[PDB]
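Peer 1: okay, here's the opening piece of the assembly, coordinates as they are in the complex:
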Amino acid sequence: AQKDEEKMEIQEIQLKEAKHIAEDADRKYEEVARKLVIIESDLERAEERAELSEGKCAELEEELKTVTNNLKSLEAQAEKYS
Amino acid sequence: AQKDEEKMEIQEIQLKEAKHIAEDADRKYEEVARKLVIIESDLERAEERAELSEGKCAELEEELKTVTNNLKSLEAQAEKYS
């Protein structure tokens, strides 16, 4: 019985240490979750703004093409009327 | 002595549960570490490419302005020709 009491108290201090380790891990978990949420929100915004920029670039490119071609044709016609 | 032994068994199961907590915490934390790093790298790249597109779009704006002016000139020439 004496030996068993010894083992009981040893396991008792071990259990307290275990609980503390558990709480520390819990706090770390909450922290990392917060960080991940923030960074992912930033990812959303970054992707969306990238898309906006790409679309606008496309539209401006097309308009440039059209106007340039019209100008070239009218230049040819100016020579013709000369 | 029997009561003490029962106490010991209880402590044993609790220690088991604590180690279980430790392992699951570590696993989830490593997972979130992976996700964090991947998200961060991709966010960096996305911001870079979006800014590149923005610069190209501004250049396109200037090009379009040049073309518009030249078309105005050619149109005036053609109408006077008429």
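Peer 2: Nice, thanks for sending it over. Numbering: from 1, shown residues only, chains lettered A, B, ... in the order given.
Peer 1: hey, let's count contacts and neighbours off CA atoms from now on
Peer 2: Noted.
Peer 1: next one: stretch A:57-77 to chain centre, how far?
Peer 2: 38 Å (C-alpha atoms, centre = their mean, to the nearest Å).
Peer 1: er, stretch A:75-82 actually
Peer 2: Worked out by C-alpha atoms, centre = their mean, stretch A:75-82 lies 56 Å from the chain centre.
Peer 1: touching that stretch from outside, list them.
Peer 2: B:74, B:77, B:78, B:81 (C-alpha atoms under 8 Å, 6 or more residues apart in numbering or on different chains).
Peer 1: buried stuff in it?
Peer 2: A:75, A:78 (16 or more other C-alpha atoms under 10 Å in any protein chain shown).
Peer 1: dump that stretch to CSV, restricted to CA.
Peer 2: Output in CSV follows, covering the C-alpha atoms of stretch A:75-82 (Å, rounded to 0.1, in the frame of the first residue of the first chain):
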residue,chain,number,x,y,z
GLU,A,75,-4.4,57.1,-93.3
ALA,A,76,-4.4,54.9,-96.4
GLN,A,77,-7.5,56.8,-97.6
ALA,A,78,-5.9,60.2,-97.0
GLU,A,79,-3.1,59.2,-99.3
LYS,A,80,-5.7,58.0,-101.8
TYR,A,81,-7.5,61.3,-101.8
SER,A,82,-4.2,63.1,-102.2
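Peer 1: slot chain C in:
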Amino acid sequence: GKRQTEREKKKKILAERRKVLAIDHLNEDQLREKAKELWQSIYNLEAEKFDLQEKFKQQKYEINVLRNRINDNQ
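Peer 2: The block that follows adds chain C to the chains above:
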């Protein structure tokens, strides 16, 4: 096209469904009471119109705020 409901509502409230009143066919006390009731109705209608004007100002403020937020974020 089916706009008869809206026009019907507005016109009927204007002419038929309004508080149609005959006022010059009452006794002295009755005519006085009717005139006072109509005066109260007029003043309360003008108060309601002013309150709607204040709400219109608030709506203008809200519309400007929403437009500014959209322009900032889009």
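Peer 1: what's the separation between residue C:43 and residue C:49?
Peer 2: Look at residue C:43 and residue C:49: by C-alpha to C-alpha, to the nearest Å, they are 10 Å apart.
Peer 1: how about residue C:55?
Peer 2: For residue C:55, the distance to residue C:49 - C-alpha to C-alpha - is 10 Å.
Peer 1: secondary structure class of residue C:26, three-state.
Peer 2: coil (DSSP: H, G, I helix; E, B strand; the rest coil).
Peer 1: ok, now which ones touch it?
Peer 2: Counted by C-alpha under 8 Å, 6+ apart, residue C:26 has zero contacts.
Peer 1: chain A: helices as residue ranges?
Peer 2: A:2-81 (DSSP state H).
Peer 1: of all residues in chain C, which one is nearest the centre?
Peer 2: Centroid-nearest residue in chain C: residue C:49, 6.0 Å away (criterion: C-alpha atoms, centre = their mean).
Peer 1: got a list of what that residue touches?
Peer 2: Per C-alpha under 8 Å, 6+ apart, neighbours of residue C:49: none.
Peer 1: roughly how far is the helix or strand it falls within from the heart of the chain?
Peer 2: For residue C:49, the host element (DSSP states H and E) is helix C:28-73. Using C-alpha atoms, centre = their mean, the mean C-alpha position of helix C:28-73 is found 7 Å from that of the whole chain.
Peer 1: drop chain D onto that structure:
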Amino acid sequence: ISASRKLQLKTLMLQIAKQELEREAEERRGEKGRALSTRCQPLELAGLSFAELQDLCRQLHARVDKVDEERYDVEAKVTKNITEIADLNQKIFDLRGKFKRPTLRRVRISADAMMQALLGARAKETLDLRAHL
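Peer 2: With chain D now in place:
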């Protein structure tokens, strides 16, 4: 930076805002009264016989019809723009706060200190074993 300016600052800002709000409310009420007097003048209470009161009531009823059509117009307008205000407030919530609406929550308040079921199970097993003898 001092952590002392925040509470006094917010209290003083709240008081100044409340004073401004009540000033604006009283200004609105007074201007409403003045405008209402302008739109419809007050009546008189001396020397009126039946006929002049009848004529005044006819003029008042013509004004009643006028203010009735004015009020019907402004009331339809206010109904439509109050519906618009509700619709656009819901639109703004769906645009910006659509994700914050389910975010405001009350969680992580139970499982943090809920490890005492094992004690109950151990007590039950010990009770059964003791009841055996």
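Peer 1: repeat for the buried residues of stretch A:75-82, accounting for chain D.
Peer 2: Those would be A:75, A:78, for stretch A:75-82 by 16+ other C-alpha under 10 Å.
Peer 1: likewise for stretch A:36-54?
Peer 2: In stretch A:36-54, counting by 16+ other C-alpha under 10 Å, buried: A:36, A:40, A:43, A:46, A:47, A:49, A:50, A:53, A:54.
Peer 1: looking at it, the last one is touching residue B:52, isn't it?
Peer 2: Spelled out, it's residue A:54. No - contact criterion C-alpha atoms under 8 Å: residue A:54 and residue B:52 do not qualify, at 9.5 Å.
Peer 1: need the overlap of contacts for the two.
Peer 2: In contact with both residue A:54 and residue B:52: no residue, using C-alpha under 8 Å, 6+ apart.
Peer 1: now do the helix or strand harbouring residue D:120: distance to the chain's middle.
Peer 2: Residue D:120 is located in helix D:117-132, with elements delineated by DSSP H and E. Centroid separation between helix D:117-132 and its chain, computed with C-alpha atoms, centre = their mean, is 57 Å.
Peer 1: quick one on the thing from earlier: near chain B, from the buried residues of stretch A:36-54?
Peer 2: Residues of these in contact with chain B (C-alpha under 8 Å from any C-alpha of the partner chain): A:36, A:40, A:43, A:46, A:47, A:49, A:50, A:53, A:54.
Peer 1: list the contacts of the closest residue in space to the fourth one that isn't next to it in sequence.
Peer 2: The shortest distance from residue A:46 to any non-neighbouring residue, by C-alpha to C-alpha, 6 or more residues apart in numbering or on different chains, is to residue B:47 (5.9 Å). Remark: with contacts taken as C-alpha under 8 Å, 6+ apart, residue B:47 is in contact with A:46, A:47, A:50.
Peer 1: no further queries at this time; thank you.
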